[PDB]
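All heavy atoms count here, side chains included; hydrogens, waters and symmetry mates do not. A note on names: the letters A, B, ... follow the listed sequences, proteins ahead of strands, and every chain is numbered from 1.
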Amino acid sequence: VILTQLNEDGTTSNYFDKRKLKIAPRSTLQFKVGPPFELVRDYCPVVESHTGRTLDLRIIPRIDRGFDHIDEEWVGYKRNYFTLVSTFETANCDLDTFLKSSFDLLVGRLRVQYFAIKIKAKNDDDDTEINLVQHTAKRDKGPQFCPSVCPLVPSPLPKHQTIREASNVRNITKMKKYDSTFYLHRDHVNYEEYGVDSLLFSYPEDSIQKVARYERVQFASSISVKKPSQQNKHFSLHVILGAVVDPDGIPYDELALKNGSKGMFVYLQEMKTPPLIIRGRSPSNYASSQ
DNA sequence: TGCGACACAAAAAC
DNA sequence: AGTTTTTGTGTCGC
């Protein structure tokens, strides 16, 4: 009834079928590592402004809630939350040096203002985009919002246990404990060590995330989870790393900038999950029906 | 047909 | 140790 896999950090992922077993909402058994991501492709090259060195990049993503590995399929539930976290790494650049440097996109052409992640959901069979929604912990008693683009600096991805522990922290002392894991506070650095053109100082806000954490995420309530043949639709979650550049023939989205202008989120790399099955609200998807 | 809205309840958080 | 918070899901109805 429960299949157990050991995670990288020594925690377990316990996969079970909610059609057969009902577990409490806050049980640690609800936390588990989801399907592994794979490279879709690399897009625009990035180089350091003076040396011309190509910046090697790698997205480091993981799902920590919402998906079970059941009989060779990865299964989620329309009504339930998933958690998707990601960082990125720069193999050839240590963080301290990276933040003092400046980078251009090779279309030295366009100056990178900052790096950022976005997530998307798609129908894996035809590439149609599917809307995602997020809630706050207050759920129906708070606002609903779409996942946003997250400015980020390179960092190792926290272990599954750390994401679990930081999922519902309110206590100030505890939050202080995790602060350095999740944020870089630009306002606390020695400004004299940085040039005006440094990458750190073109980030849009002083509080800069080290990890993109998308919690309390759901597929849009109106998604159809079966095909007309009654077969299950296959979905996929995508993570895209981009460089945000000033608007003033390569893949990019438009971004409602901070200068109040129309920025450009230029794609650098994209990863995706294998096909995912999403179970709808039908009573037959729940153990209660048995 | 299935969904928005409200309800219940169980373990985490403090 | 007791109270509040969070979230899977049961249920009513439009």
Participant: Quiz question: by atom type and distance under 3.5 Å, do the side chains of A/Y81 and A/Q30 form a donor-acceptor pair?
Facilitator: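 There is no such pair between these side chains.
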Participant: Sequence neighbours excluded, which residues qualify as ring pair (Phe, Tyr, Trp, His ring centres under 6.0 Å) partners of A/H50?
Facilitator: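 A/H50 satisfies ring pair (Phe, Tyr, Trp, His ring centres under 6.0 Å) with no other residue.
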Participant: With clusters built from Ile, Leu, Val, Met, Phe, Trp and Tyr whose side-chain heavy atoms come within less than 4.5 Å, directly or transitively, what are the remaining members of the cluster of A/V1, listed by chain and number?
Facilitator: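 Traced through the cluster, A/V1 reaches A/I2, A/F16, A/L21, A/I23, A/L29.
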Participant: In chain order, what residues pass the ring pair (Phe, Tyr, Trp, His ring centres under 6.0 Å) check against A/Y194, with sequence neighbours excluded?
Facilitator: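 Checked A/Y194 against ring pair (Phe, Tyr, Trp, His ring centres under 6.0 Å); matches are A/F201.
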Participant: Would you give me the side-chain donor-acceptor pairs under 3.5 Å for residues 134-147 of chain A, sequence neighbours excluded?
Facilitator:
residue, atom, partner, partner atom, Å
A/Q134, NE2, A/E215, O, 3.0
A/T136, OG1, A/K138, N, 3.2

Participant: Just to verify, what does A/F82 make a ring pair (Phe, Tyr, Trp, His ring centres under 6.0 Å) with, not counting sequence neighbours?
Facilitator: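 Partners of A/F82 under the ring pair (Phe, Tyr, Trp, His ring centres under 6.0 Å) test: A/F67, A/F219.
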Participant: If the threshold is 4.0 Å, N to carboxylate O, is there a salt bridge linking A/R58 and A/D56?
Facilitator: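 No, A/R58 and A/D56 are not salt-bridged.
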Participant: Can you pull out the residues from residues 129-139 of chain A that lie within a 4.0 Å heavy-atom distance of DNA chain B?
Facilitator: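 Nucleic-acid contacts, sorted: A/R139.
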Participant: Tell me which residues in residues 218-229 of chain A put a heavy atom below 4.0 Å from DNA chain B, sorted by number, or none.
Facilitator: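 Output list: A/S221, A/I223.
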Participant: My understanding is that only residues two or more places apart in sequence, or in another chain, count here; which of them pass ring pair (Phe, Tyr, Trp, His ring centres under 6.0 Å) with A/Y43?
Facilitator: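 Partners of A/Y43 under the ring pair (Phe, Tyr, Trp, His ring centres under 6.0 Å) test: A/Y267.
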Participant: Check nucleotides 11-14 of chain C against the protein and report each pair of N or O atoms closer than 3.5 Å, with its distance, or say if there are none.
Facilitator:
residue, atom, partner, partner atom, Å
C/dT11, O4, A/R281, NH2, 2.9

Participant: Can a side chain N or O of A/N80 be found less than 4.0 Å away from OP1 or OP2 on C/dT9?
Facilitator: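 A/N80 to C/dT9 OP1/OP2: side-chain N or O found under 4.0 Å.
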Participant: Go through the side-chain N and O atoms of A/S282 and A/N285 and say whether any donor and acceptor fall under 3.5 Å apart.
Facilitator: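 A/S282 vs A/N285: no donor-acceptor pair found between side chains.
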Participant: How would you list all residue pairs meeting salt bridge (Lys or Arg N to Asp or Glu O under 4.0 Å) that involve residues 227-236 of chain A, not counting sequence neighbours?
Facilitator: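 Listed once each, the pairs are A/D125-A/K227.
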Participant: Can a cation-pi geometry be assigned to A/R213 and A/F182, taking NZ or CZ under 6.0 Å from the six-membered ring centre and within 45° of the ring axis?
Facilitator: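 Yes - A/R213 lies over the ring of A/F182, closer than 6.0 Å to its centre and within 45° of its axis.
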Participant: So does A/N168 get a side-chain nitrogen or oxygen closer than 4.0 Å to the phosphate oxygens (OP1/OP2) of C/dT7?
Facilitator: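 Answer yes for this pair, as a side-chain N or O of A/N168 is under 4.0 Å from OP1 or OP2.
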Participant: Short question: side chain of A/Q209, backbone of A/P151 - any donor-acceptor pair under 3.5 Å?
Facilitator: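 The answer is no, because no donor-acceptor pair under 3.5 Å joins these two groups.
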Participant: Filter on salt bridge (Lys or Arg N to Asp or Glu O under 4.0 Å), then keep only pairs touching residues 268-282 of chain A, sequence neighbours left out; what's left?
Facilitator: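 Passing the test, one end in residues 268-282 of chain A: A/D17-A/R279, A/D124-A/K272.
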Participant: Near DNA chain C, which residues from residues 16-30 of chain A have a heavy atom under 4.0 Å away?
Facilitator: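 Contacting residues: A/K18, A/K22, A/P25, A/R26, A/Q30.
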